[PDB]
Each structure stands twice: as structure tokens, then as C-alpha cells.
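Undergrad: Data file target_11.txt (compact mmCIF, C-alpha atoms and all ligand atoms) is appended below.
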# COMPACT_ATOMS: atom_id res chain seq x y z
CA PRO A 1 35.47 -62.00 -16.07
CA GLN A 2 39.00 -61.96 -17.43
CA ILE A 3 40.40 -58.47 -17.11
CA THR A 4 43.24 -57.34 -19.34
CA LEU A 5 45.36 -54.53 -17.96
CA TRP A 6 45.60 -52.05 -20.81
CA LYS A 7 43.54 -49.59 -18.72
CA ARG A 8 43.04 -49.25 -14.96
CA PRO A 9 40.84 -52.18 -13.76
CA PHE A 10 37.81 -50.54 -12.15
CA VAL A 11 34.79 -52.39 -10.84
CA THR A 12 31.42 -51.33 -9.54
CA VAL A 13 30.75 -52.20 -5.90
CA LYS A 14 27.89 -51.57 -3.57
CA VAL A 15 28.96 -50.42 -0.12
CA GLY A 16 26.82 -48.62 2.45
CA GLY A 17 23.91 -49.15 0.05
CA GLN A 18 25.62 -46.95 -2.55
CA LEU A 19 27.14 -47.80 -5.91
CA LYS A 20 30.80 -46.89 -5.98
CA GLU A 21 33.71 -47.45 -8.32
CA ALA A 22 37.01 -48.86 -7.17
CA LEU A 23 40.34 -49.97 -8.55
CA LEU A 24 41.22 -53.67 -8.34
CA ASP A 25 44.67 -53.42 -6.75
CA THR A 26 46.63 -56.61 -6.15
CA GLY A 27 49.40 -54.52 -4.53
CA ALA A 28 47.01 -53.28 -1.82
CA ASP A 29 46.62 -55.41 1.33
CA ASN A 30 43.42 -53.56 2.30
CA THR A 31 40.27 -52.06 0.73
CA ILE A 32 40.00 -48.28 1.10
CA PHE A 33 37.24 -45.87 0.20
CA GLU A 34 36.76 -42.15 0.53
CA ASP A 35 33.38 -40.55 1.37
CA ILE A 36 31.22 -43.45 2.42
CA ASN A 37 29.03 -44.51 5.25
CA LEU A 38 29.67 -47.84 6.94
CA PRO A 39 27.74 -49.58 9.70
CA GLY A 40 28.99 -50.12 13.23
CA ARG A 41 32.01 -48.92 15.12
CA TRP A 42 35.39 -48.03 13.70
CA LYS A 43 38.94 -47.91 15.09
CA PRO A 44 41.81 -45.69 13.94
CA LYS A 45 44.51 -47.25 11.73
CA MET A 46 47.49 -45.94 9.75
CA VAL A 47 48.45 -47.38 6.36
CA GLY A 48 51.80 -46.93 4.69
CA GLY A 49 51.77 -46.38 0.89
CA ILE A 50 54.44 -45.50 -1.58
CA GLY A 51 54.81 -41.90 -0.33
CA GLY A 52 54.14 -42.09 3.42
CA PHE A 53 51.38 -42.89 5.89
CA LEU A 54 47.62 -42.29 5.70
CA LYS A 55 45.23 -42.01 8.66
CA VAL A 56 42.06 -44.07 8.19
CA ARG A 57 39.02 -45.45 10.00
CA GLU A 58 38.87 -49.22 10.12
CA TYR A 59 35.41 -50.81 10.01
CA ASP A 60 35.49 -54.58 10.66
CA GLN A 61 32.96 -57.13 9.39
CA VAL A 62 31.01 -54.88 6.98
CA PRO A 63 29.41 -55.92 3.69
CA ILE A 64 30.60 -55.11 0.17
CA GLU A 65 28.68 -56.36 -2.86
CA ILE A 66 31.26 -57.13 -5.46
CA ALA A 67 31.22 -59.42 -8.52
CA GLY A 68 27.68 -60.48 -7.54
CA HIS A 69 28.85 -61.72 -4.13
CA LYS A 70 28.27 -60.46 -0.59
CA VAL A 71 31.75 -60.11 0.95
CA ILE A 72 31.87 -59.34 4.70
CA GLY A 73 35.17 -58.08 5.94
CA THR A 74 37.29 -55.09 6.79
CA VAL A 75 36.91 -51.78 5.00
CA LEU A 76 39.08 -48.70 5.57
CA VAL A 77 37.86 -45.18 5.05
CA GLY A 78 40.10 -42.18 4.49
CA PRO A 79 40.95 -39.44 2.06
CA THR A 80 42.48 -41.65 -0.59
CA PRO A 81 42.60 -40.12 -4.06
CA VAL A 82 41.18 -43.36 -5.62
CA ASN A 83 38.97 -46.08 -4.03
CA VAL A 84 40.84 -49.37 -4.01
CA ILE A 85 39.79 -53.02 -3.68
CA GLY A 86 42.69 -54.88 -2.05
CA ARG A 87 43.60 -58.51 -1.49
CA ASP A 88 41.49 -58.78 1.67
CA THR A 89 38.39 -58.44 -0.49
CA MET A 90 39.68 -60.07 -3.70
CA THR A 91 40.54 -63.34 -1.94
CA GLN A 92 36.88 -63.64 -0.92
CA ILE A 93 35.69 -63.68 -4.56
CA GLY A 94 38.43 -66.09 -5.68
CA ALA A 95 40.33 -63.56 -7.80
CA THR A 96 43.55 -64.74 -9.39
CA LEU A 97 46.41 -63.38 -11.48
CA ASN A 98 47.08 -65.47 -14.57
CA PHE A 99 50.26 -65.29 -16.60
CA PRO B 1 50.82 -69.62 -13.38
CA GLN B 2 47.47 -68.94 -11.75
CA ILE B 3 48.09 -67.43 -8.35
CA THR B 4 45.71 -66.54 -5.57
CA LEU B 5 46.03 -63.47 -3.41
CA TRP B 6 46.17 -64.78 0.16
CA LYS B 7 49.78 -63.58 0.31
CA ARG B 8 51.42 -60.68 -1.55
CA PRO B 9 51.94 -61.70 -5.18
CA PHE B 10 55.71 -61.48 -5.44
CA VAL B 11 57.34 -62.94 -8.53
CA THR B 12 60.95 -63.50 -9.39
CA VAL B 13 62.00 -60.95 -11.99
CA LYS B 14 65.22 -60.43 -13.88
CA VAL B 15 65.61 -56.71 -14.58
CA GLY B 16 68.68 -55.25 -16.25
CA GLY B 17 70.48 -58.60 -15.67
CA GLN B 18 69.82 -58.61 -11.89
CA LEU B 19 67.65 -61.22 -10.13
CA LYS B 20 65.07 -59.46 -7.99
CA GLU B 21 61.53 -59.88 -6.70
CA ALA B 22 58.57 -57.56 -7.17
CA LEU B 23 54.82 -57.45 -6.57
CA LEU B 24 52.54 -58.06 -9.50
CA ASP B 25 50.44 -54.95 -9.00
CA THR B 26 47.31 -54.25 -10.96
CA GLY B 27 46.93 -50.93 -9.18
CA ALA B 28 50.32 -49.69 -10.46
CA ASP B 29 50.49 -47.89 -13.79
CA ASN B 30 54.26 -48.38 -14.07
CA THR B 31 57.00 -50.71 -12.83
CA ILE B 32 59.10 -49.27 -9.97
CA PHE B 33 62.18 -50.74 -8.28
CA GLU B 34 64.18 -49.54 -5.32
CA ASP B 35 67.05 -52.03 -5.19
CA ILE B 36 68.56 -52.01 -8.64
CA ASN B 37 71.24 -49.99 -10.39
CA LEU B 38 70.53 -49.18 -14.04
CA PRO B 39 73.26 -47.64 -16.14
CA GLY B 40 73.49 -44.24 -17.74
CA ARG B 41 71.24 -41.27 -17.94
CA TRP B 42 67.70 -40.98 -16.61
CA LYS B 43 64.81 -38.54 -16.84
CA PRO B 44 63.23 -37.29 -13.62
CA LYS B 45 59.59 -38.17 -13.09
CA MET B 46 57.15 -37.54 -10.25
CA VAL B 47 54.73 -40.22 -9.15
CA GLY B 48 52.06 -40.34 -6.46
CA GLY B 49 50.02 -42.72 -4.39
CA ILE B 50 48.78 -43.28 -0.90
CA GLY B 51 50.71 -41.08 1.48
CA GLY B 52 52.14 -38.65 -1.03
CA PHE B 53 54.59 -38.28 -3.89
CA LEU B 54 58.10 -39.33 -4.84
CA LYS B 55 60.69 -38.41 -7.38
CA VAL B 56 61.82 -41.34 -9.47
CA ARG B 57 64.43 -42.02 -12.09
CA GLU B 58 63.02 -43.06 -15.42
CA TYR B 59 65.29 -45.53 -17.21
CA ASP B 60 64.25 -46.39 -20.81
CA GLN B 61 64.52 -49.60 -22.81
CA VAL B 62 65.25 -52.04 -20.03
CA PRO B 63 65.16 -55.87 -20.36
CA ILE B 64 62.76 -57.58 -17.99
CA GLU B 65 62.07 -61.32 -17.62
CA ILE B 66 59.10 -62.78 -15.65
CA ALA B 67 58.08 -66.46 -15.72
CA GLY B 68 60.15 -67.01 -18.86
CA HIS B 69 58.68 -64.08 -20.83
CA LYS B 70 61.45 -61.64 -21.93
CA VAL B 71 60.28 -58.09 -22.65
CA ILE B 72 61.79 -54.64 -23.15
CA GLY B 73 60.14 -51.97 -21.01
CA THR B 74 60.25 -48.76 -19.04
CA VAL B 75 61.42 -49.12 -15.42
CA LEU B 76 61.22 -46.40 -12.80
CA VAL B 77 63.83 -46.38 -10.04
CA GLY B 78 63.12 -44.59 -6.81
CA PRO B 79 62.52 -44.80 -3.06
CA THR B 80 59.52 -47.12 -3.19
CA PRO B 81 59.16 -49.32 -0.07
CA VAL B 82 58.45 -52.36 -2.26
CA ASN B 83 59.26 -53.20 -5.87
CA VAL B 84 56.17 -53.35 -8.10
CA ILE B 85 55.50 -54.68 -11.57
CA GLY B 86 52.91 -52.35 -13.06
CA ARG B 87 50.31 -52.73 -15.79
CA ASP B 88 52.70 -51.52 -18.50
CA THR B 89 54.85 -54.61 -17.96
CA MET B 90 52.03 -56.99 -17.12
CA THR B 91 50.32 -56.28 -20.46
CA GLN B 92 53.56 -57.25 -22.24
CA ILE B 93 53.56 -60.74 -20.67
CA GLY B 94 49.79 -61.17 -21.19
CA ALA B 95 48.83 -61.15 -17.54
CA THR B 96 45.17 -60.98 -16.62
CA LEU B 97 43.11 -60.62 -13.43
CA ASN B 98 40.30 -63.18 -13.29
CA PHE B 99 37.24 -63.75 -11.13
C1 LIG A 101 53.05 -44.50 -11.93
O1 LIG A 101 53.25 -45.80 -11.41
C2 LIG A 101 52.98 -45.95 -10.09
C3 LIG A 101 52.38 -44.97 -9.32
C4 LIG A 101 52.01 -45.29 -8.00
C5 LIG A 101 52.14 -46.57 -7.53
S1 LIG A 101 51.57 -46.96 -5.91
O2 LIG A 101 52.54 -47.85 -5.24
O3 LIG A 101 51.28 -45.71 -5.17
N1 LIG A 101 50.12 -47.71 -6.07
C6 LIG A 101 49.14 -47.02 -6.85
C7 LIG A 101 47.70 -47.44 -6.45
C8 LIG A 101 47.35 -46.78 -5.11
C9 LIG A 101 46.61 -45.49 -5.47
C10 LIG A 101 46.19 -45.76 -6.91
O4 LIG A 101 45.37 -45.09 -7.53
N2 LIG A 101 46.79 -46.81 -7.43
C11 LIG A 101 50.16 -49.15 -6.24
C12 LIG A 101 49.48 -49.84 -5.03
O5 LIG A 101 49.18 -51.22 -5.37
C13 LIG A 101 50.39 -49.87 -3.80
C14 LIG A 101 51.70 -50.64 -3.88
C15 LIG A 101 52.49 -50.54 -2.56
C16 LIG A 101 53.14 -49.38 -2.22
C17 LIG A 101 53.80 -49.21 -1.00
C18 LIG A 101 53.77 -50.24 -0.05
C19 LIG A 101 53.14 -51.42 -0.41
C20 LIG A 101 52.59 -51.63 -1.68
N3 LIG A 101 49.57 -50.36 -2.67
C21 LIG A 101 49.05 -49.57 -1.73
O6 LIG A 101 49.09 -48.33 -1.72
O7 LIG A 101 48.44 -50.25 -0.76
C22 LIG A 101 48.04 -49.55 0.41
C23 LIG A 101 49.26 -49.27 1.28
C24 LIG A 101 49.35 -50.35 2.35
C25 LIG A 101 50.54 -51.30 2.24
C26 LIG A 101 50.09 -52.26 1.14
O8 LIG A 101 48.68 -52.37 1.30
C27 LIG A 101 48.18 -51.29 2.10
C28 LIG A 101 47.15 -50.48 1.30
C29 LIG A 101 52.75 -47.56 -8.30
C30 LIG A 101 53.16 -47.22 -9.58
I'd like the structure from this file rewritten - as C-alpha cells, please.
TA:
Amino acid sequence: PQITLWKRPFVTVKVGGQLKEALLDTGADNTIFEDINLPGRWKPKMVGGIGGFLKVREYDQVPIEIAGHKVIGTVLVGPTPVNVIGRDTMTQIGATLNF
Amino acid sequence: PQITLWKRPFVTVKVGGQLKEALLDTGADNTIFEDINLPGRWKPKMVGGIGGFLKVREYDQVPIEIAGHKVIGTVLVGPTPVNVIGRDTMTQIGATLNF
């Protein structure tokens, strides 16, 4: 699709076998969800946003179904107020900014 | 341009007559700079994201140029770790996210 930016750009994704909604965020390096169940082991990570740092669990090499593609990669989980799809995921579906 | 997202999507931006750089950020509602000085009065605003909240300085009616498109927009000034171009400004230059 071509997404204009008059409203927040949300997409539906499947993660952990559940349908979730997340914000396409080209200013986020990483993909971050709250309240989901990922496979495998995780390691602790801290992420620094506009207001300070956030403690998360990092799950490497897990699947996200997004834009009709299986993307395997890193997903962070923590008490973010909004689920976000970052560049780590968007590069795998060939997303671009066009201006 | 059509840019990919393997690196952070910084663009050159002229804001209030100063040459700066900022991230094209689809997850940002508004444009926020840390390293500019805009003249006159300002309205206080609170904004929030990962890690917490910050107080910013709302400056109204500010000239902004990106990739040759000159627009007049709202710019927030505050202690953001990285300058961001938000959706308000991106809609004015006709930017889209594509996949
Ligand atoms: C009202 O206008 C604004 C309000 C908040 C923001 S924000 O910077 O907090 N943020 C809002 C996103 C996050 C929450 C939401 O619902 N939308 C814009 C983000 O793109 C932000 C922009 C950003 C802010 C601070 C540092 C780097 C980029 N990136 C970000 O938080 O990424 C996280 C932090 C980690 C560093 C970058 O990637 C890692 C994942 C920007 C404008």
C-alpha cells in the first residue's frame, strides 16, 4: 500500500499467533509490543526513548506476520503505551519513505 | 526521493533559517527540535513517548524546507535526544510510507 500520514499509520500483525495492532514508526530502531507471548528465550535490554529509558525483554529470531510476509527477527516486549513496528521489521518488507 | 530504512532516515531540513537534520518519523505526531533557537514567545506543551514525558516549547508559524518543499508549520522545541519531523510536517510535503 501507499500510506498517507494524516492519521497514525497502524497495521495489523500476527505475533505469537495473535492478531495485534501496531504503529509503523520509522523513528523506532526496534519493534516493541506490550502483552504478548513469544517463543524461546529472552534477554534483558534497555531502550532509550524521548523521555528516558524503558526496560524490555528481547526475543531474537521470532516470527511476525506483517504485510502478508513472514518476518523473522528481533521483537522487544515491555510496557510501552503503543505497540510499534520499527525499522528492524520494516526493512524486511521493503518499506520506503517517498517524498 | 525514495529512501529505505536500513539506516535512520535523517533528512536535511531548513527550519527558521537554520540548516539542521532531523529524522523523518512516521511515529511522531509533531515535529520536535532540540538544537534550534526560535524567536519570541512560546506556549508550553507536554508530550510523551517511550520512557516518559517532556515539556516543550511550542513555536507557531515557522518556515520549514525539506527536499525543496517550503512549508509553514508548527515546531516544538524541547529536550528531545534527536530531532524528528512528525506527521504534521510530512503531510505538508506529501510524504508517504510505502510497502
Ligand atoms: C507529539 O509529538 C511527538 C510525541 C512523541 C514523539 S516520540 O519521540 O516519543 N515518538 C512517538 C512514538 C513512540 C510512542 C508512540 O506512540 N509514538 C516517536 C518515535 O519514532 C521515537 C523517536 C525517537 C525518540 C528518542 C530517541 C530516538 C528516536 N522512537 C522511539 O521511541 O524509538 C524507540 C526508542 C529507541 C531509540 C530509537 O529506537 C528505539 C525504539 C515524537 C513526537
Undergrad: Is it possible to see chain B as a PDB file with C-alpha atoms, keeping the file's coordinate frame, once it has been laid onto chain A by a least-squares fit on every C-alpha atom in order?
TA:
ATOM      1  CA  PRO B   1      35.264 -61.672 -16.017  1.00  0.00           C
ATOM      2  CA  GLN B   2      38.781 -61.768 -17.417  1.00  0.00           C
ATOM      3  CA  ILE B   3      40.040 -58.224 -17.706  1.00  0.00           C
ATOM      4  CA  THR B   4      43.215 -56.843 -19.187  1.00  0.00           C
ATOM      5  CA  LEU B   5      45.170 -53.981 -17.712  1.00  0.00           C
ATOM      6  CA  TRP B   6      45.400 -51.397 -20.496  1.00  0.00           C
ATOM      7  CA  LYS B   7      43.160 -49.144 -18.399  1.00  0.00           C
ATOM      8  CA  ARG B   8      42.812 -48.973 -14.603  1.00  0.00           C
ATOM      9  CA  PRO B   9      40.824 -51.998 -13.425  1.00  0.00           C
ATOM     10  CA  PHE B  10      37.828 -50.302 -11.851  1.00  0.00           C
ATOM     11  CA  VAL B  11      34.873 -52.478 -10.921  1.00  0.00           C
ATOM     12  CA  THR B  12      31.429 -51.589  -9.723  1.00  0.00           C
ATOM     13  CA  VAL B  13      31.163 -52.419  -6.034  1.00  0.00           C
ATOM     14  CA  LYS B  14      28.299 -52.231  -3.590  1.00  0.00           C
ATOM     15  CA  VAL B  15      29.716 -51.472  -0.141  1.00  0.00           C
ATOM     16  CA  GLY B  16      27.524 -50.890   2.892  1.00  0.00           C
ATOM     17  CA  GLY B  17      24.501 -50.563   0.535  1.00  0.00           C
ATOM     18  CA  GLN B  18      26.110 -47.801  -1.586  1.00  0.00           C
ATOM     19  CA  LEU B  19      27.006 -48.222  -5.279  1.00  0.00           C
ATOM     20  CA  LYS B  20      30.611 -47.195  -5.814  1.00  0.00           C
ATOM     21  CA  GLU B  21      33.612 -47.998  -7.986  1.00  0.00           C
ATOM     22  CA  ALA B  22      37.066 -49.117  -6.896  1.00  0.00           C
ATOM     23  CA  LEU B  23      40.314 -50.424  -8.370  1.00  0.00           C
ATOM     24  CA  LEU B  24      40.994 -54.119  -8.158  1.00  0.00           C
ATOM     25  CA  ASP B  25      44.443 -53.782  -6.634  1.00  0.00           C
ATOM     26  CA  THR B  26      46.765 -56.698  -6.148  1.00  0.00           C
ATOM     27  CA  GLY B  27      49.305 -54.412  -4.518  1.00  0.00           C
ATOM     28  CA  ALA B  28      46.853 -53.422  -1.748  1.00  0.00           C
ATOM     29  CA  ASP B  29      46.697 -55.508   1.412  1.00  0.00           C
ATOM     30  CA  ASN B  30      43.326 -54.045   2.430  1.00  0.00           C
ATOM     31  CA  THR B  31      40.266 -52.408   0.872  1.00  0.00           C
ATOM     32  CA  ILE B  32      40.142 -48.604   1.297  1.00  0.00           C
ATOM     33  CA  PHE B  33      37.383 -46.170   0.314  1.00  0.00           C
ATOM     34  CA  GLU B  34      37.244 -42.407   0.463  1.00  0.00           C
ATOM     35  CA  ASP B  35      33.677 -41.662  -0.622  1.00  0.00           C
ATOM     36  CA  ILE B  36      31.483 -43.738   1.628  1.00  0.00           C
ATOM     37  CA  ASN B  37      29.873 -43.239   5.017  1.00  0.00           C
ATOM     38  CA  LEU B  38      29.820 -46.320   7.251  1.00  0.00           C
ATOM     39  CA  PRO B  39      27.820 -46.230  10.449  1.00  0.00           C
ATOM     40  CA  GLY B  40      28.942 -46.383  14.039  1.00  0.00           C
ATOM     41  CA  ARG B  41      32.239 -46.735  15.751  1.00  0.00           C
ATOM     42  CA  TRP B  42      35.620 -47.288  14.126  1.00  0.00           C
ATOM     43  CA  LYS B  43      39.149 -48.140  15.215  1.00  0.00           C
ATOM     44  CA  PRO B  44      41.992 -45.897  14.069  1.00  0.00           C
ATOM     45  CA  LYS B  45      44.618 -47.512  11.877  1.00  0.00           C
ATOM     46  CA  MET B  46      47.723 -46.190  10.138  1.00  0.00           C
ATOM     47  CA  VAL B  47      48.595 -47.295   6.635  1.00  0.00           C
ATOM     48  CA  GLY B  48      51.453 -46.438   4.295  1.00  0.00           C
ATOM     49  CA  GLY B  49      52.453 -46.472   0.674  1.00  0.00           C
ATOM     50  CA  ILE B  50      54.160 -44.398  -1.936  1.00  0.00           C
ATOM     51  CA  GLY B  51      54.430 -40.837  -0.723  1.00  0.00           C
ATOM     52  CA  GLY B  52      53.822 -41.444   2.953  1.00  0.00           C
ATOM     53  CA  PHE B  53      51.222 -42.471   5.504  1.00  0.00           C
ATOM     54  CA  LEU B  54      47.578 -41.855   6.322  1.00  0.00           C
ATOM     55  CA  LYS B  55      45.243 -42.383   9.199  1.00  0.00           C
ATOM     56  CA  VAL B  56      42.213 -44.437   8.288  1.00  0.00           C
ATOM     57  CA  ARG B  57      39.008 -45.511   9.934  1.00  0.00           C
ATOM     58  CA  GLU B  58      38.649 -49.239  10.297  1.00  0.00           C
ATOM     59  CA  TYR B  59      35.026 -50.350   9.986  1.00  0.00           C
ATOM     60  CA  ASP B  60      34.386 -54.063  10.751  1.00  0.00           C
ATOM     61  CA  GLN B  61      31.928 -56.549   9.282  1.00  0.00           C
ATOM     62  CA  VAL B  62      30.870 -54.669   6.190  1.00  0.00           C
ATOM     63  CA  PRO B  63      28.859 -56.157   3.270  1.00  0.00           C
ATOM     64  CA  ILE B  64      30.582 -55.917  -0.088  1.00  0.00           C
ATOM     65  CA  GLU B  65      29.302 -57.098  -3.489  1.00  0.00           C
ATOM     66  CA  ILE B  66      31.499 -57.386  -6.638  1.00  0.00           C
ATOM     67  CA  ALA B  67      30.389 -59.070  -9.882  1.00  0.00           C
ATOM     68  CA  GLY B  68      27.537 -60.793  -8.053  1.00  0.00           C
ATOM     69  CA  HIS B  69      29.678 -62.222  -5.225  1.00  0.00           C
ATOM     70  CA  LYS B  70      28.400 -61.020  -1.796  1.00  0.00           C
ATOM     71  CA  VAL B  71      30.979 -61.092   1.003  1.00  0.00           C
ATOM     72  CA  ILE B  72      31.412 -59.705   4.513  1.00  0.00           C
ATOM     73  CA  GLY B  73      34.740 -57.944   5.017  1.00  0.00           C
ATOM     74  CA  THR B  74      36.883 -55.297   6.629  1.00  0.00           C
ATOM     75  CA  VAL B  75      36.791 -51.878   4.924  1.00  0.00           C
ATOM     76  CA  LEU B  76      39.115 -49.002   5.715  1.00  0.00           C
ATOM     77  CA  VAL B  77      37.814 -45.466   5.229  1.00  0.00           C
ATOM     78  CA  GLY B  78      40.241 -42.625   4.801  1.00  0.00           C
ATOM     79  CA  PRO B  79      41.689 -39.918   2.555  1.00  0.00           C
ATOM     80  CA  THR B  80      42.862 -42.201  -0.240  1.00  0.00           C
ATOM     81  CA  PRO B  81      42.904 -40.502  -3.677  1.00  0.00           C
ATOM     82  CA  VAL B  82      41.269 -43.570  -5.245  1.00  0.00           C
ATOM     83  CA  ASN B  83      39.147 -46.381  -3.836  1.00  0.00           C
ATOM     84  CA  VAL B  84      40.918 -49.758  -3.880  1.00  0.00           C
ATOM     85  CA  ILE B  85      39.773 -53.328  -3.430  1.00  0.00           C
ATOM     86  CA  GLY B  86      42.641 -55.096  -1.697  1.00  0.00           C
ATOM     87  CA  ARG B  87      43.755 -58.713  -1.509  1.00  0.00           C
ATOM     88  CA  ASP B  88      41.683 -59.389   1.617  1.00  0.00           C
ATOM     89  CA  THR B  89      38.502 -58.845  -0.395  1.00  0.00           C
ATOM     90  CA  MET B  90      39.777 -60.265  -3.663  1.00  0.00           C
ATOM     91  CA  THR B  91      40.566 -63.612  -2.000  1.00  0.00           C
ATOM     92  CA  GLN B  92      36.943 -63.781  -0.793  1.00  0.00           C
ATOM     93  CA  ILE B  93      35.581 -63.568  -4.363  1.00  0.00           C
ATOM     94  CA  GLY B  94      38.244 -65.966  -5.714  1.00  0.00           C
ATOM     95  CA  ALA B  95      40.073 -63.447  -7.848  1.00  0.00           C
ATOM     96  CA  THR B  96      43.372 -64.430  -9.404  1.00  0.00           C
ATOM     97  CA  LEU B  97      46.131 -62.720 -11.407  1.00  0.00           C
ATOM     98  CA  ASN B  98      47.104 -64.762 -14.464  1.00  0.00           C
ATOM     99  CA  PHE B  99      49.891 -64.667 -17.029  1.00  0.00           C
TER     100      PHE B  99
END
Undergrad: Hey, what's within 10 Å of stretch 33-46 of chain A if we count only C-alpha atoms and toss same-chain stuff fewer than 4 positions away? As a PyMOL selection string, please?
TA: chain A and resi 15-18+20-22+52-64+75-85
Undergrad: B:98, B:31, B:12, B:91: which is nearest ligand LIG 101 (chain A), counting all atoms listed in the file?
TA: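 Distance minimum relative to ligand LIG 101 (chain A) lands on B:31.
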Undergrad: Using only C-alpha atoms and all ligand atoms for the distances, tell me which of A:97, A:13, A:19, A:32 is nearest to ligand LIG 101 (chain A).
TA: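 Nearest candidate to ligand LIG 101 (chain A) out of A:97, A:13, A:19, A:32: A:32.
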Undergrad: Which chains and residue numbers are within 7 Å of ligand LIG 101 (chain A), counting all atoms listed in the file, if I want them as a PyMOL selection string?
TA: (chain A and resi 25-30+47-50+81-82) or (chain B and resi 25-32+47-50+80-82+84+86)
Undergrad: Could you turn the residues from that selection into a file that holds C-alpha atoms, as a compact mmCIF listing (two decimals), in the frame of the given file?
TA:
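part_16.txt was written with the following content:
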# COMPACT_ATOMS: atom_id res chain seq x y z
CA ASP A 25 44.67 -53.42 -6.75
CA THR A 26 46.63 -56.61 -6.15
CA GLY A 27 49.40 -54.52 -4.53
CA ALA A 28 47.01 -53.28 -1.82
CA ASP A 29 46.62 -55.41 1.33
CA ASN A 30 43.42 -53.56 2.30
CA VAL A 47 48.45 -47.38 6.36
CA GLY A 48 51.80 -46.93 4.69
CA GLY A 49 51.77 -46.38 0.89
CA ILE A 50 54.44 -45.50 -1.58
CA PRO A 81 42.60 -40.12 -4.06
CA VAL A 82 41.18 -43.36 -5.62
CA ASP B 25 50.44 -54.95 -9.00
CA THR B 26 47.31 -54.25 -10.96
CA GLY B 27 46.93 -50.93 -9.18
CA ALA B 28 50.32 -49.69 -10.46
CA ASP B 29 50.49 -47.89 -13.79
CA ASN B 30 54.26 -48.38 -14.07
CA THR B 31 57.00 -50.71 -12.83
CA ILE B 32 59.10 -49.27 -9.97
CA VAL B 47 54.73 -40.22 -9.15
CA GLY B 48 52.06 -40.34 -6.46
CA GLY B 49 50.02 -42.72 -4.39
CA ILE B 50 48.78 -43.28 -0.90
CA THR B 80 59.52 -47.12 -3.19
CA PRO B 81 59.16 -49.32 -0.07
CA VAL B 82 58.45 -52.36 -2.26
CA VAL B 84 56.17 -53.35 -8.10
CA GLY B 86 52.91 -52.35 -13.06
